[PDB]
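Peer 1: Attaching a single structure in structure tokens format; questions to follow.
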Number of protein chains: 2
Amino acid sequence: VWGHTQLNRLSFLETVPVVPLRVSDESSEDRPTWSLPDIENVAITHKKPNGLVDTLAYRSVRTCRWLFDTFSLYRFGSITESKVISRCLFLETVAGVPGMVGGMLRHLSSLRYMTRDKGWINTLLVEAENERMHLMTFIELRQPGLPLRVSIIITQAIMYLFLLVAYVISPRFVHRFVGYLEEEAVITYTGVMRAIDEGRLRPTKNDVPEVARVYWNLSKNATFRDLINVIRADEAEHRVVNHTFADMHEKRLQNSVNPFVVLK
Amino acid sequence: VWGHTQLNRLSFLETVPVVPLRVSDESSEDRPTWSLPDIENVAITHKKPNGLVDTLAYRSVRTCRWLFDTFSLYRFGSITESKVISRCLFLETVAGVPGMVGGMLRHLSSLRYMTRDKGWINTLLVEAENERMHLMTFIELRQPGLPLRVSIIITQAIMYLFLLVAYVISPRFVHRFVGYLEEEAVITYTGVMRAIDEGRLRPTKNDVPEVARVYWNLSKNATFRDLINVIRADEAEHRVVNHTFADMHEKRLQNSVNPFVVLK
Ligand SMILES: COc1ccc(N2CCN(Cc3cc(=O)oc4c(O)c(O)ccc34)CC2)cc1
Ligand SMILES: [Fe+3]
Ligand SMILES: [Fe+3]
Ligand SMILES: [Fe+3]
Ligand SMILES: [Fe+3]
Ligand SMILES: [O-]
């Protein structure tokens with residue numbers, strides 16, 4: 001019901017009051033569809049670096065893991081629900097950024113060269129969205145305290161500003177950098193799980209937030225485990241797709257068609 | 001068929017020779033669905049400016065018409081199909097931006113203050129995709145000469161900065177600035193559909209690009225005029241949404257639910 005009599009109205013400001021809040025509309029329409037026993041076997045992989053650049057990217061992720069695992073106390077304590085959600089909550093705020101700068105820079109190339117994209121731009125922009133929905137789900141489990149709330153703001157500034165020039169300078173490095181970051185998302189999200197399953201972790205959020213059920217389409221009775229599993233799936237998807245793009249780049253196949261448009 | 005055996009593969013670089021170039025995987029699957037006898041009726045409007053900001057927006061958008069008209073000789077000549085296409089082309093290189101720098105920032109804020117964004121980002125993104133898919137369409141109706149190929153780049157610089165900084169200081173000034181450009185746009189495109197009737201201009205490209213056929217889901221019979229008629233209604237979807245956004249800034253409503261997620 002979107003035709004000219006609507007299109008000719010100047011503003012719809014008076015309709016903000018009457019329209020509802022529906023969890024459904026937080027996301028774009030591009031929802032992940034996983035079936036749990038299938039993705040139940042997603043498993044940790046490690047792609048060989050090739051040049052300097054991969055090796056460079058690869059040190060960057062490992063130099064960063066070793067910082068972040070000490071400063072976030074993560075090791076010195078028996079694992080809990082709490083210290084995990086804080087880890088991820090924090091981790092997903094950078095997980096937004098490259099997904100975005102990604103398309104936003106590919107997008108401006110397309111507009112300025114007057115050329116095709118062949119379906120990269122929307123693939124990335126949803127990698128940005130999915131990583132933001134992770135965050136909108138984790139926020140529901142725990143609001144962070146002023147400490148973290150602040151460190152996010154600095155981090156983001158720093159990260160944004162690395163990632164935009166690292167893209168302009170070397171897309172191959174960034175896709176490669178990200179690919180390596182997700183091998184670590186997969187590692188951890190399987191730890192978390194091994195933990196639940198053995199019992200070393202006992203979860204109290206067996207409710208799964210409204211946003212999280214609709215986004216992922218889960219059962220009304222989906223567990224804390226269930227939710228990690230799909231997030232763990234989502235993290236594997238991105239692992240491939242970037243290491244893919246980095247290879248693609250590596251071989252000057254970076255105006256080729258994005259293979260994953262087909263591969264649905 | 002996306003599952004745990006494709007998630008566990010390091011790469012897909014070798015699938016990129018076997019994988020088709022199809023015009024329906026350029027855009028996302030978020031394409032307008034107009035019906036032409038209806039969107040035939042779209043009108044020319046004006047929204048009154050309130051403050052300095054609303055007034056200032058209107059001065060720059062007007063002054064930029066005046067200059068680009070006098071610098072593109074739109075006055076001294078005939079309404080030849082040349083400088084109609086050659087015009088939209090250039091101009092969709094800049095329409096591709098506000099949406100992308102707006103969606104970028106709200107994503108970044110959503111992330112960094114962990115707050116729900118309520119259907120703005122995606123709306124704001126597809127606005128830009130849409131505009132790009134005008135330029136893509138036009139690119140097949142006429143390929144531009146180097147002069148204009150440059151003019152375009154040295155312009156994405158000015159405008160990717162301007163819009164970047166304005167949208168921080170005053171997204172309202174931009175969501176109005178855009179709102180007043182679309183006005184001049186939805187004019188210029190009724191100017192051209194008028195002139196195809198009056199018969200002052202006879203469109204020689206009454207083939208419509210396969211890109212812009214899938215996207216707008218037109219016929220194979222559909223004239224140039226019909227293509228204009230849809231593009232024009234897209235531009236009018238924009239005109240009002242951006243004003244509604246500007247107004248939602250004016251009334252401290254920047255974090256209310258997008259009133260177009262429903263009105264879909
Ligand atoms: C200063 O900014 C940074 C600080 C640390 C990092 N890293 C810490 C953890 N990260 C891997 C990671 C581990 C994980 O257990 O979950 C993740 C996760 O859920 C993501 O979405 C992205 C990365 C990770 C490696 C580098 C990156 C940027
Ligand atoms: Fe993540
Ligand atoms: Fe991630
Ligand atoms: Fe336009
Ligand atoms: Fe426009
Ligand atoms: O435009």
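As shown in the structure tokens, the chain order sets the letters A, B, ...; within each chain, residues go from 1, and ligands are also counted from 1 in the order they appear.
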Contacts from chain A to chain B, 7 Å maximum, only C-alpha atoms: show me the residue list as a count of residues only.

Peer 2: 53

Peer 1: Can I have chain A aligned to chain B? Use a least-squares fit on all Cα atoms paired in order and write it out as an mmCIF file with C-alpha atoms, in the first residue's frame.

Peer 2:
data_model
loop_
_atom_site.group_PDB
_atom_site.id
_atom_site.type_symbol
_atom_site.label_atom_id
_atom_site.label_comp_id
_atom_site.auth_asym_id
_atom_site.auth_seq_id
_atom_site.Cartn_x
_atom_site.Cartn_y
_atom_site.Cartn_z
ATOM 1 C CA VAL A 1 22.479 -25.944 0.589
ATOM 2 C CA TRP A 2 24.668 -23.981 3.033
ATOM 3 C CA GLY A 3 25.739 -26.292 5.917
ATOM 4 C CA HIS A 4 28.852 -27.159 7.908
ATOM 5 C CA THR A 5 30.681 -29.116 5.175
ATOM 6 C CA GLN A 6 30.686 -25.854 3.194
ATOM 7 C CA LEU A 7 31.336 -23.747 6.374
ATOM 8 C CA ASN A 8 34.432 -25.850 7.123
ATOM 9 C CA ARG A 9 36.035 -25.294 3.747
ATOM 10 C CA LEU A 10 38.853 -22.732 4.045
ATOM 11 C CA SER A 11 38.300 -20.866 0.792
ATOM 12 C CA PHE A 12 36.028 -21.011 -2.194
ATOM 13 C CA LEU A 13 38.594 -19.284 -4.537
ATOM 14 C CA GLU A 14 38.357 -22.221 -7.053
ATOM 15 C CA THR A 15 34.583 -21.522 -7.573
ATOM 16 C CA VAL A 16 35.021 -17.984 -8.986
ATOM 17 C CA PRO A 17 35.478 -19.301 -12.566
ATOM 18 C CA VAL A 18 32.366 -21.428 -12.712
ATOM 19 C CA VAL A 19 29.809 -19.037 -11.235
ATOM 20 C CA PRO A 20 27.884 -16.824 -13.800
ATOM 21 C CA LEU A 21 27.215 -13.061 -14.082
ATOM 22 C CA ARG A 22 23.475 -12.440 -13.456
ATOM 23 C CA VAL A 23 22.135 -8.925 -13.543
ATOM 24 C CA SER A 24 19.762 -10.087 -10.709
ATOM 25 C CA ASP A 25 22.687 -10.121 -8.175
ATOM 26 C CA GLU A 26 23.918 -6.577 -8.850
ATOM 27 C CA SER A 27 21.244 -5.406 -6.319
ATOM 28 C CA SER A 28 20.402 -6.645 -2.834
ATOM 29 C CA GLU A 29 16.967 -8.298 -2.738
ATOM 30 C CA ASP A 30 15.044 -5.161 -1.722
ATOM 31 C CA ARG A 31 13.548 -4.176 -5.094
ATOM 32 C CA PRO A 32 11.121 -1.307 -5.662
ATOM 33 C CA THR A 33 7.680 -2.503 -6.828
ATOM 34 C CA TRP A 34 5.721 0.228 -8.598
ATOM 35 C CA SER A 35 2.642 -0.165 -10.807
ATOM 36 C CA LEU A 36 2.877 2.356 -13.571
ATOM 37 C CA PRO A 37 -0.586 3.986 -13.691
ATOM 38 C CA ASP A 38 -0.429 4.615 -9.926
ATOM 39 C CA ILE A 39 2.995 6.347 -9.873
ATOM 40 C CA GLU A 40 1.992 7.960 -13.199
ATOM 41 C CA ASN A 41 0.633 10.773 -10.882
ATOM 42 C CA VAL A 42 3.610 11.373 -8.529
ATOM 43 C CA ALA A 43 3.858 15.141 -8.378
ATOM 44 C CA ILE A 44 6.257 17.918 -7.395
ATOM 45 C CA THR A 45 6.022 19.149 -3.736
ATOM 46 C CA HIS A 46 7.862 21.836 -1.675
ATOM 47 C CA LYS A 47 8.231 21.403 2.131
ATOM 48 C CA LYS A 48 8.466 24.605 4.175
ATOM 49 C CA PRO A 49 11.862 25.204 5.848
ATOM 50 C CA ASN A 50 11.602 25.941 9.585
ATOM 51 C CA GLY A 51 14.787 26.985 11.393
ATOM 52 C CA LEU A 52 17.976 28.485 10.138
ATOM 53 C CA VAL A 53 19.193 25.009 9.263
ATOM 54 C CA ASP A 54 16.412 24.161 6.758
ATOM 55 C CA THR A 55 16.724 27.602 5.218
ATOM 56 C CA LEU A 56 20.541 26.976 5.152
ATOM 57 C CA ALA A 57 20.171 23.519 3.593
ATOM 58 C CA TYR A 58 17.686 25.006 1.182
ATOM 59 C CA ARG A 59 19.978 27.780 -0.080
ATOM 60 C CA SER A 60 22.685 25.048 -0.479
ATOM 61 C CA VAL A 61 20.569 23.031 -2.912
ATOM 62 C CA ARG A 62 19.499 26.124 -4.866
ATOM 63 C CA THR A 63 23.014 27.634 -4.960
ATOM 64 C CA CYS A 64 24.109 24.186 -6.271
ATOM 65 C CA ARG A 65 21.311 23.888 -8.854
ATOM 66 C CA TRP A 66 22.187 27.240 -10.323
ATOM 67 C CA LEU A 67 25.896 26.331 -10.555
ATOM 68 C CA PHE A 68 25.241 22.923 -12.033
ATOM 69 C CA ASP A 69 22.625 24.096 -14.631
ATOM 70 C CA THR A 70 24.954 26.687 -16.147
ATOM 71 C CA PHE A 71 28.277 24.757 -16.080
ATOM 72 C CA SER A 72 26.541 21.646 -17.534
ATOM 73 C CA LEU A 73 25.347 23.885 -20.427
ATOM 74 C CA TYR A 74 21.957 22.386 -19.671
ATOM 75 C CA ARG A 75 19.846 25.425 -20.593
ATOM 76 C CA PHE A 76 21.593 26.748 -23.766
ATOM 77 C CA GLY A 77 20.273 24.169 -26.216
ATOM 78 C CA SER A 78 17.005 22.484 -27.189
ATOM 79 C CA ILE A 79 16.690 19.419 -24.892
ATOM 80 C CA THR A 80 18.118 16.090 -26.137
ATOM 81 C CA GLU A 81 18.380 12.459 -24.996
ATOM 82 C CA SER A 82 22.196 12.950 -24.692
ATOM 83 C CA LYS A 83 22.436 15.979 -22.411
ATOM 84 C CA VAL A 84 19.840 14.472 -20.068
ATOM 85 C CA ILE A 85 21.590 11.138 -19.541
ATOM 86 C CA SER A 86 24.864 12.972 -18.822
ATOM 87 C CA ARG A 87 23.035 15.163 -16.285
ATOM 88 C CA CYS A 88 21.650 12.162 -14.363
ATOM 89 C CA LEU A 89 24.663 9.826 -14.712
ATOM 90 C CA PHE A 90 26.534 12.664 -13.011
ATOM 91 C CA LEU A 91 23.803 13.489 -10.549
ATOM 92 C CA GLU A 92 23.489 9.855 -9.274
ATOM 93 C CA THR A 93 27.181 9.586 -8.147
ATOM 94 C CA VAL A 94 26.464 11.966 -5.279
ATOM 95 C CA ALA A 95 23.031 10.365 -4.917
ATOM 96 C CA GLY A 96 24.978 7.292 -3.691
ATOM 97 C CA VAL A 97 26.996 8.941 -0.976
ATOM 98 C CA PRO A 98 24.667 10.336 1.707
ATOM 99 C CA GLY A 99 22.584 7.127 1.475
ATOM 100 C CA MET A 100 25.715 5.278 2.688
ATOM 101 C CA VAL A 101 27.419 7.704 5.168
ATOM 102 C CA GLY A 102 23.866 7.745 6.521
ATOM 103 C CA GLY A 103 23.745 4.134 7.767
ATOM 104 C CA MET A 104 27.528 3.732 8.224
ATOM 105 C CA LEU A 105 27.350 6.499 10.912
ATOM 106 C CA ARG A 106 24.127 5.367 12.482
ATOM 107 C CA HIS A 107 25.693 1.865 12.399
ATOM 108 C CA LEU A 108 28.805 2.878 14.347
ATOM 109 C CA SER A 109 26.648 4.713 16.933
ATOM 110 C CA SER A 110 24.659 1.463 17.587
ATOM 111 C CA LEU A 111 27.802 -0.668 17.890
ATOM 112 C CA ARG A 112 29.486 1.792 20.328
ATOM 113 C CA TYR A 113 26.598 2.885 22.566
ATOM 114 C CA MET A 114 25.221 -0.734 22.770
ATOM 115 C CA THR A 115 21.751 0.348 21.740
ATOM 116 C CA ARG A 116 18.938 -0.375 19.326
ATOM 117 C CA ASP A 117 18.581 1.362 16.003
ATOM 118 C CA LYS A 118 14.933 0.588 15.270
ATOM 119 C CA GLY A 119 15.328 0.162 11.547
ATOM 120 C CA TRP A 120 16.877 3.345 10.214
ATOM 121 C CA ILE A 121 20.186 1.801 9.130
ATOM 122 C CA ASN A 122 18.796 -0.496 6.481
ATOM 123 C CA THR A 123 16.401 2.117 5.099
ATOM 124 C CA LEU A 124 19.296 4.461 4.234
ATOM 125 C CA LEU A 125 21.708 1.754 2.923
ATOM 126 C CA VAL A 126 18.962 0.930 0.324
ATOM 127 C CA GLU A 127 18.469 4.645 -0.542
ATOM 128 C CA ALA A 128 22.241 4.295 -1.246
ATOM 129 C CA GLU A 129 21.645 1.195 -3.301
ATOM 130 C CA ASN A 130 18.682 2.459 -5.302
ATOM 131 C CA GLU A 131 20.651 5.578 -6.204
ATOM 132 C CA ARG A 132 23.538 3.343 -7.251
ATOM 133 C CA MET A 133 21.181 1.231 -9.425
ATOM 134 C CA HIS A 134 20.060 4.423 -11.118
ATOM 135 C CA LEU A 135 23.696 4.979 -12.041
ATOM 136 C CA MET A 136 24.223 1.337 -13.164
ATOM 137 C CA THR A 137 21.246 1.882 -15.483
ATOM 138 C CA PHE A 138 22.344 5.292 -16.846
ATOM 139 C CA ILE A 139 25.925 4.088 -17.496
ATOM 140 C CA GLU A 140 24.302 1.542 -19.947
ATOM 141 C CA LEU A 141 22.717 4.347 -22.010
ATOM 142 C CA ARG A 142 25.939 6.384 -22.275
ATOM 143 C CA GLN A 143 29.543 5.809 -21.164
ATOM 144 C CA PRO A 144 30.773 9.265 -20.261
ATOM 145 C CA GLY A 145 33.952 10.703 -21.804
ATOM 146 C CA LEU A 146 37.219 11.341 -19.907
ATOM 147 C CA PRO A 147 36.025 14.832 -19.023
ATOM 148 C CA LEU A 148 33.099 13.589 -16.889
ATOM 149 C CA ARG A 149 34.889 10.433 -15.709
ATOM 150 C CA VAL A 150 37.419 12.770 -14.051
ATOM 151 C CA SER A 151 35.029 15.443 -12.623
ATOM 152 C CA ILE A 152 33.117 12.638 -10.899
ATOM 153 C CA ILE A 153 36.303 11.566 -9.029
ATOM 154 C CA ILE A 154 37.014 15.064 -7.643
ATOM 155 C CA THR A 155 33.239 15.638 -6.906
ATOM 156 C CA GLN A 156 32.899 12.443 -4.970
ATOM 157 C CA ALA A 157 35.984 13.291 -2.855
ATOM 158 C CA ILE A 158 34.547 16.719 -2.115
ATOM 159 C CA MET A 159 31.019 15.404 -1.482
ATOM 160 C CA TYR A 160 31.963 12.394 0.617
ATOM 161 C CA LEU A 161 34.028 14.649 2.825
ATOM 162 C CA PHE A 162 31.303 17.285 3.250
ATOM 163 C CA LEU A 163 28.639 14.693 3.980
ATOM 164 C CA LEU A 164 30.512 12.765 6.705
ATOM 165 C CA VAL A 165 31.225 15.804 8.841
ATOM 166 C CA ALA A 166 27.903 17.476 7.985
ATOM 167 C CA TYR A 167 26.358 14.204 9.397
ATOM 168 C CA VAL A 168 28.542 14.115 12.524
ATOM 169 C CA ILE A 169 27.777 17.840 13.038
ATOM 170 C CA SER A 170 24.036 17.827 12.004
ATOM 171 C CA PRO A 171 22.013 14.898 10.766
ATOM 172 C CA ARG A 172 19.011 17.210 10.582
ATOM 173 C CA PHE A 173 20.769 19.361 7.970
ATOM 174 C CA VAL A 174 21.695 16.394 5.734
ATOM 175 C CA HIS A 175 18.336 14.601 5.681
ATOM 176 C CA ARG A 176 16.909 18.112 5.056
ATOM 177 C CA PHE A 177 19.487 18.837 2.386
ATOM 178 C CA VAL A 178 18.670 15.542 0.683
ATOM 179 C CA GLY A 179 14.907 16.044 0.934
ATOM 180 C CA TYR A 180 15.334 19.291 -0.947
ATOM 181 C CA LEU A 181 17.640 17.603 -3.535
ATOM 182 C CA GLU A 182 14.920 15.093 -4.358
ATOM 183 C CA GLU A 183 12.228 17.760 -4.916
ATOM 184 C CA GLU A 184 14.584 18.669 -7.797
ATOM 185 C CA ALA A 185 14.956 15.028 -8.953
ATOM 186 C CA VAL A 186 11.130 14.930 -9.138
ATOM 187 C CA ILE A 187 10.911 18.296 -10.985
ATOM 188 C CA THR A 188 13.435 17.210 -13.583
ATOM 189 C CA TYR A 189 12.269 13.652 -14.079
ATOM 190 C CA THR A 190 8.731 15.179 -14.735
ATOM 191 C CA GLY A 191 10.263 17.700 -17.222
ATOM 192 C CA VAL A 192 11.942 14.875 -19.095
ATOM 193 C CA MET A 193 8.478 13.253 -19.174
ATOM 194 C CA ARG A 194 6.362 16.239 -20.165
ATOM 195 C CA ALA A 195 9.062 16.477 -22.911
ATOM 196 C CA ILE A 196 8.773 12.836 -24.120
ATOM 197 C CA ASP A 197 4.965 13.088 -24.127
ATOM 198 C CA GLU A 198 4.614 16.342 -26.020
ATOM 199 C CA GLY A 199 7.428 15.090 -28.287
ATOM 200 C CA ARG A 200 10.165 17.735 -27.701
ATOM 201 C CA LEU A 201 12.219 14.729 -26.634
ATOM 202 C CA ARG A 202 12.330 11.697 -29.018
ATOM 203 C CA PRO A 203 14.155 8.727 -27.397
ATOM 204 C CA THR A 204 16.342 6.095 -29.137
ATOM 205 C CA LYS A 205 16.966 3.783 -26.122
ATOM 206 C CA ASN A 206 13.528 2.107 -26.198
ATOM 207 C CA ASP A 207 15.362 -0.999 -25.097
ATOM 208 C CA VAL A 208 15.626 -0.870 -21.312
ATOM 209 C CA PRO A 209 18.887 -2.444 -20.010
ATOM 210 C CA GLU A 210 18.775 -5.899 -18.539
ATOM 211 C CA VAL A 211 19.747 -4.560 -15.040
ATOM 212 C CA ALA A 212 16.958 -1.980 -15.183
ATOM 213 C CA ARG A 213 14.166 -4.431 -16.084
ATOM 214 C CA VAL A 214 15.065 -7.004 -13.354
ATOM 215 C CA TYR A 215 15.760 -4.369 -10.610
ATOM 216 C CA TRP A 216 12.421 -2.633 -11.202
ATOM 217 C CA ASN A 217 10.651 -5.725 -12.667
ATOM 218 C CA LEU A 218 9.447 -4.155 -15.957
ATOM 219 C CA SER A 219 7.760 -5.595 -19.060
ATOM 220 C CA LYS A 220 9.929 -6.836 -21.921
ATOM 221 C CA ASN A 221 8.455 -3.921 -23.956
ATOM 222 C CA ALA A 222 9.040 -1.106 -21.371
ATOM 223 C CA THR A 223 9.857 2.335 -22.945
ATOM 224 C CA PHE A 224 12.336 5.161 -22.161
ATOM 225 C CA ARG A 225 9.373 6.977 -20.577
ATOM 226 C CA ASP A 226 8.555 3.842 -18.474
ATOM 227 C CA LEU A 227 12.047 3.868 -16.985
ATOM 228 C CA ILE A 228 12.048 7.590 -16.102
ATOM 229 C CA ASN A 229 8.606 7.136 -14.457
ATOM 230 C CA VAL A 230 9.841 4.499 -11.922
ATOM 231 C CA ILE A 231 13.121 6.397 -11.365
ATOM 232 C CA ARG A 232 10.827 9.437 -10.812
ATOM 233 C CA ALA A 233 8.821 7.357 -8.309
ATOM 234 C CA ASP A 234 12.018 6.163 -6.570
ATOM 235 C CA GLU A 235 13.017 9.804 -6.213
ATOM 236 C CA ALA A 236 9.754 10.810 -4.585
ATOM 237 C CA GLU A 237 10.092 7.998 -2.003
ATOM 238 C CA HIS A 238 13.436 9.353 -0.821
ATOM 239 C CA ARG A 239 12.081 12.945 -0.785
ATOM 240 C CA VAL A 240 9.556 12.005 1.934
ATOM 241 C CA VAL A 241 11.687 9.617 3.942
ATOM 242 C CA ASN A 242 14.449 12.183 4.526
ATOM 243 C CA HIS A 243 12.195 15.216 5.181
ATOM 244 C CA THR A 244 10.526 12.748 7.569
ATOM 245 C CA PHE A 245 13.858 11.940 9.289
ATOM 246 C CA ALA A 246 14.700 15.659 9.404
ATOM 247 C CA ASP A 247 11.333 16.454 11.136
ATOM 248 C CA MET A 248 11.881 13.413 13.386
ATOM 249 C CA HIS A 249 15.291 14.750 14.281
ATOM 250 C CA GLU A 250 13.940 18.341 14.516
ATOM 251 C CA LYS A 251 11.712 17.137 17.395
ATOM 252 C CA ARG A 252 14.310 14.801 19.128
ATOM 253 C CA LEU A 253 12.473 11.743 17.746
ATOM 254 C CA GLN A 254 15.696 10.416 16.288
ATOM 255 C CA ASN A 255 15.950 7.217 18.278
ATOM 256 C CA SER A 256 12.231 6.614 17.708
ATOM 257 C CA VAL A 257 11.265 3.735 15.480
ATOM 258 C CA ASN A 258 11.682 4.474 11.735
ATOM 259 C CA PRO A 259 8.071 4.840 10.671
ATOM 260 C CA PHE A 260 8.548 3.266 7.184
ATOM 261 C CA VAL A 261 9.259 -0.287 8.503
ATOM 262 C CA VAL A 262 5.570 -0.384 9.408
ATOM 263 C CA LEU A 263 4.469 1.747 6.430
ATOM 264 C CA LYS A 264 5.027 -1.265 4.024
#

Peer 1: If you run DSSP on the backbone here, which positions in segment 127-230 of chain B get alpha helix (DSSP H)? Please write them as a PyMOL selection string.

Peer 2: chain B and resi 127-141+146-169+171-198+210-216+224-230
